[PDB]
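*Asks:* A single structure is presented below for examination.
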Amino acid sequence: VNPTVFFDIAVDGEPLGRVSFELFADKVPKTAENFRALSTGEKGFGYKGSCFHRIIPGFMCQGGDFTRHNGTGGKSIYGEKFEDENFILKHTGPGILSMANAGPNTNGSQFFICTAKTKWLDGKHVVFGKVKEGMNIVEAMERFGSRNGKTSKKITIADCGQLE
Amino acid sequence: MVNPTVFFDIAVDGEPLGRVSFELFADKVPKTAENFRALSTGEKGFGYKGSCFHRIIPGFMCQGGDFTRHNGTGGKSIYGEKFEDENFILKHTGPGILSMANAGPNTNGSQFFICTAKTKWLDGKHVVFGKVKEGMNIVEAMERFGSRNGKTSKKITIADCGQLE
C-alpha cells in the first residue's frame, strides 16, 4: 500500500486543518521514502514546525526548507541532495506533490503542492504524491500568497506524520 | 549615463563557441545590475569566470551562475549569500531577457537565467535586470545542448567574462 502522510496546517499559529497525501511509492519509492521520513521526523529532522515560504496563487504552495526557512536550505534523508528518480508522473492538476529543485539531480527536502495543472514542469520536477484529503486547506493557504511567493500570514506545518 | 555592458565567452567542452553580450539595466535595477556586473568582472575575487550553465531548458531558458557548487545548489551575491528583490518593474518581454533565479522571495544570489522566449508567468516572481545585446545566435546554439530537466549533453562554460567599454 502507498503510504499516507499528513500535515496539520496552522495560520499565524492557529490550527486551520489537516492536509493528507498519498505518496506514490509504487512508482517513485526513493522520493516517496524521503518525504515520508521527513514527515515522521524519524531521522531526527524534518518538516514539523517548518513553513510554506513561497505561495504563488494559481500555481503552487512551496515548503520543506526546514533548515533555513526561506528556500536556501533543506536536506534529504540521503544527503544534501539526491538524483531525479524518474519522470513517470505528470503535473496533472491541483493537489499534485512534486519536488522543488534548481537543476538536474538536486532534490533535497523542498517540495510544492500544485494548485493548478503545471504542464511545463513535466520532466523537470519529480512528481511523487497527491493530496488525498484537505485540498480545501491548500486552497485556503493559497490565498495568503503573492506573485513572488511572500505570504501575508505565517503558514506552518504545526504537526505532521504518517497515517496508518 | 548609457547602461553598462558585459560579455561572456562561451565554450563547449572547452572549445570556443562564441560571445554573448548583455546590457544591464542599471537605470531601473541598479543593485541587481551591479551584482551581475561585478560577478562578470571578477573584481571581488569570485564570480562567473569558469562557471557553467547547469540547467538549459530549450525553448524556456539557459540558467547558470552557480560558481560555488556548479549545480544549482550554490552561488553567492556580492552582498552576501542573498539580497532582497529590488523591484519587479521590468517584464520578461521576449528572448534574451536576463533575470535572477530564486527559490522564494528575497533569495537572489548569483544564479540567473537568459530567457529564450517571452516568459510572462515569471513577471513579479523573478527580477529582470538586463538583456542580450549581441550573440543571441550563441544562446540558441547553447540550447542545442539542453533537455527537459536542463541536463546538458556537453559542458557549457563561461570561459571568460568581463565588462565592455
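Letters for chains follow the order of the C-alpha cells (A, B, ...), residue numbers begin at 1 for each chain, and ligand numbers begin at 1 in the order shown.
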For chain A, report every residue with an atom at most 10 Å from chain B (counting only C-alpha atoms), formatted as a short mmCIF file (atom, residue, chain, number, x, y, z; two decimals) with N, CA and C atoms, in the first residue's frame.

*Replies:*
```cif
data_model
loop_
_atom_site.label_atom_id
_atom_site.label_comp_id
_atom_site.auth_asym_id
_atom_site.auth_seq_id
_atom_site.Cartn_x
_atom_site.Cartn_y
_atom_site.Cartn_z
N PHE A 52 5.57 27.21 4.86
CA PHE A 52 5.44 27.37 3.43
C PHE A 52 5.93 28.78 3.11
N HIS A 53 7.15 28.86 2.59
CA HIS A 53 7.84 30.15 2.46
C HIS A 53 7.53 30.79 1.13
N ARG A 54 6.92 30.05 0.16
CA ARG A 54 6.66 30.56 -1.18
C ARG A 54 5.32 30.05 -1.68
N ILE A 55 4.30 30.90 -1.56
CA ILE A 55 2.95 30.58 -2.01
C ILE A 55 2.55 31.51 -3.12
N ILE A 56 2.28 30.95 -4.28
CA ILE A 56 2.07 31.70 -5.50
C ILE A 56 0.68 31.34 -6.00
N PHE A 59 -0.72 28.79 -8.89
CA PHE A 59 0.45 27.97 -9.21
C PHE A 59 0.67 26.92 -8.18
N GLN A 62 4.86 26.15 -1.90
CA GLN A 62 6.18 25.55 -1.70
C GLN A 62 6.63 25.62 -0.27
N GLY A 63 7.15 24.51 0.22
CA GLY A 63 7.71 24.44 1.51
C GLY A 63 8.80 23.42 1.62
N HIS A 69 14.34 27.94 6.24
CA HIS A 69 13.02 28.51 6.19
C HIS A 69 12.74 29.59 5.14
N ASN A 70 13.51 29.55 4.05
CA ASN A 70 13.41 30.59 3.02
C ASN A 70 13.71 30.16 1.62
N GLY A 71 13.98 28.88 1.40
CA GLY A 71 14.29 28.36 0.07
C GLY A 71 15.76 28.09 -0.16
N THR A 72 16.61 28.58 0.72
CA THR A 72 18.06 28.37 0.57
C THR A 72 18.56 27.07 1.21
N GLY A 73 17.72 26.39 2.02
CA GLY A 73 18.17 25.20 2.70
C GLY A 73 17.38 23.95 2.41
N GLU A 80 22.69 15.94 1.33
CA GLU A 80 22.27 17.27 0.86
C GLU A 80 21.31 17.14 -0.31
N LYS A 81 21.63 16.26 -1.25
CA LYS A 81 20.82 16.13 -2.45
C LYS A 81 20.80 14.69 -2.91
N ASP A 84 17.24 12.76 -9.53
CA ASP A 84 15.91 12.61 -10.05
C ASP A 84 15.65 11.15 -10.28
N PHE A 87 10.73 10.44 -14.15
CA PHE A 87 9.71 11.41 -14.53
C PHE A 87 8.50 10.70 -15.09
N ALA A 100 10.79 20.33 -5.43
CA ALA A 100 11.43 21.56 -5.82
C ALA A 100 12.89 21.21 -6.20
N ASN A 101 13.47 21.97 -7.12
CA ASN A 101 14.88 21.86 -7.44
C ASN A 101 15.35 23.07 -8.20
N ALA A 102 16.68 23.20 -8.32
CA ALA A 102 17.34 24.26 -9.05
C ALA A 102 18.27 23.76 -10.09
N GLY A 103 17.97 22.58 -10.60
CA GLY A 103 18.86 21.97 -11.57
C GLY A 103 18.68 20.49 -11.52
N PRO A 104 19.19 19.80 -12.53
CA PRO A 104 19.10 18.37 -12.54
C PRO A 104 19.75 17.68 -11.31
N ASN A 105 19.07 16.66 -10.75
CA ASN A 105 19.63 15.86 -9.70
C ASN A 105 20.00 16.67 -8.45
N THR A 106 19.08 17.54 -8.05
CA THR A 106 19.31 18.37 -6.85
C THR A 106 18.16 18.30 -5.85
N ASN A 107 17.46 17.18 -5.80
CA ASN A 107 16.37 17.07 -4.85
C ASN A 107 16.88 17.08 -3.43
N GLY A 108 16.16 17.78 -2.57
CA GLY A 108 16.54 17.84 -1.17
C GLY A 108 15.37 17.51 -0.30
N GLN A 110 12.78 20.30 -0.13
CA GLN A 110 11.75 21.21 -0.58
C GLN A 110 10.84 20.56 -1.59
N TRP A 120 4.37 22.54 -17.90
CA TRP A 120 5.74 22.89 -18.22
C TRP A 120 6.77 22.39 -17.26
N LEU A 121 6.35 21.90 -16.09
CA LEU A 121 7.25 21.29 -15.16
C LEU A 121 7.44 19.81 -15.38
N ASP A 122 6.67 19.21 -16.31
CA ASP A 122 6.77 17.79 -16.55
C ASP A 122 8.16 17.47 -17.15
N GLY A 123 8.83 16.49 -16.60
CA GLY A 123 10.19 16.17 -17.00
C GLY A 123 11.25 16.98 -16.32
N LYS A 124 10.86 17.96 -15.46
CA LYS A 124 11.86 18.85 -14.85
C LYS A 124 11.88 18.71 -13.30
N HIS A 125 10.55 18.35 -12.76
CA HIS A 125 10.40 18.14 -11.30
C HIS A 125 9.77 16.77 -11.11
N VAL A 126 10.29 16.01 -10.17
CA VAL A 126 9.80 14.67 -9.89
C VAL A 126 8.47 14.71 -9.09
N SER A 146 1.37 35.53 -2.93
CA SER A 146 1.57 36.67 -3.83
C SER A 146 2.43 36.24 -5.00
N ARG A 147 2.66 37.16 -5.95
CA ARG A 147 3.42 36.78 -7.14
C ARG A 147 4.82 36.26 -6.93
N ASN A 148 5.50 36.82 -5.90
CA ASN A 148 6.82 36.34 -5.59
C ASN A 148 6.87 35.26 -4.54
N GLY A 149 5.69 34.93 -4.01
CA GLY A 149 5.61 33.87 -3.01
C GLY A 149 5.52 34.38 -1.58
N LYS A 150 5.72 35.67 -1.36
CA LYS A 150 5.64 36.19 0.03
C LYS A 150 4.23 35.97 0.60
N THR A 151 4.16 35.43 1.80
CA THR A 151 2.87 35.16 2.42
C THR A 151 2.48 36.34 3.34
#
```

*Asks:* Would you return as a tab-separated table (two decimals) with C-alpha atoms, in the first residue's frame the members of stretch 1-164 of chain B that DSSP assigns to helix (DSSP H, G or I) on this structure's backbone?

*Replies:*
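Written file, part_20.tsv:
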```tsv
chain	number	residue	atom	x	y	z
B	30	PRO	CA	20.88	49.34	-10.10
B	31	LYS	CA	21.66	46.95	-7.22
B	32	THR	CA	20.84	43.83	-9.24
B	33	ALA	CA	22.70	45.15	-12.30
B	34	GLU	CA	25.73	45.89	-10.15
B	35	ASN	CA	25.85	42.39	-8.73
B	36	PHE	CA	25.89	40.77	-12.21
B	37	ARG	CA	28.42	43.28	-13.47
B	38	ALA	CA	30.81	42.71	-10.59
B	39	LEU	CA	30.42	38.91	-10.78
B	40	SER	CA	31.25	39.18	-14.52
B	41	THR	CA	34.46	41.21	-13.94
B	120	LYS	CA	5.11	36.37	-18.76
B	121	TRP	CA	4.36	33.91	-15.98
B	122	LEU	CA	7.63	34.87	-14.34
B	136	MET	CA	21.51	35.61	-29.39
B	137	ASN	CA	22.68	33.11	-32.05
B	138	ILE	CA	25.13	31.85	-29.46
B	139	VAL	CA	22.35	31.47	-26.89
B	140	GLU	CA	20.36	29.45	-29.46
B	141	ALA	CA	23.44	27.33	-30.02
B	142	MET	CA	23.64	26.67	-26.31
B	143	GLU	CA	20.04	25.44	-26.29
```

*Asks:* Show which residues sit within 8 Å of residue A:11, as a list in words. Count only C-alpha atoms, and ignore same-chain residues fewer than 6 positions away.

*Replies:*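 Within the cut-off, the hits are residues 153, 154, 155 and 156 of chain A.
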
*Asks:* Measure the distance from atom CA of residue B:59 to atom CA of residue A:112 in Å and round it to one decimal.

*Replies:*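 Taking atom CA of residue B:59 and atom CA of residue A:112, their separation equals 23.4 Å.
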
*Asks:* DSSP on the backbone: what in chain B comes out strand (DSSP E), as a ChimeraX atom specification?

*Replies:* /B:5-12,15-24,55-57,61-64,97-100,112-115,128-134,156-163

*Asks:* Could you list, as a ChimeraX atom specification, every residue within 8 Å of stretch 45-47 of chain A, counting only C-alpha atoms and ignoring same-chain residues fewer than 3 positions away?

*Replies:* /A:37-42,50,64-66,157,160

*Asks:* Nearest residue to residue B:75 out of B:6, B:156, B:52, B:161, using only C-alpha atoms?

*Replies:*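 Closest candidate: B:52.
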
*Asks:* If I take atom CA of residue B:44 and atom CA of residue B:158, how far is one from the other in Å, to one decimal?

*Replies:*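 Distance reported for this atom pair: 17.2 Å.
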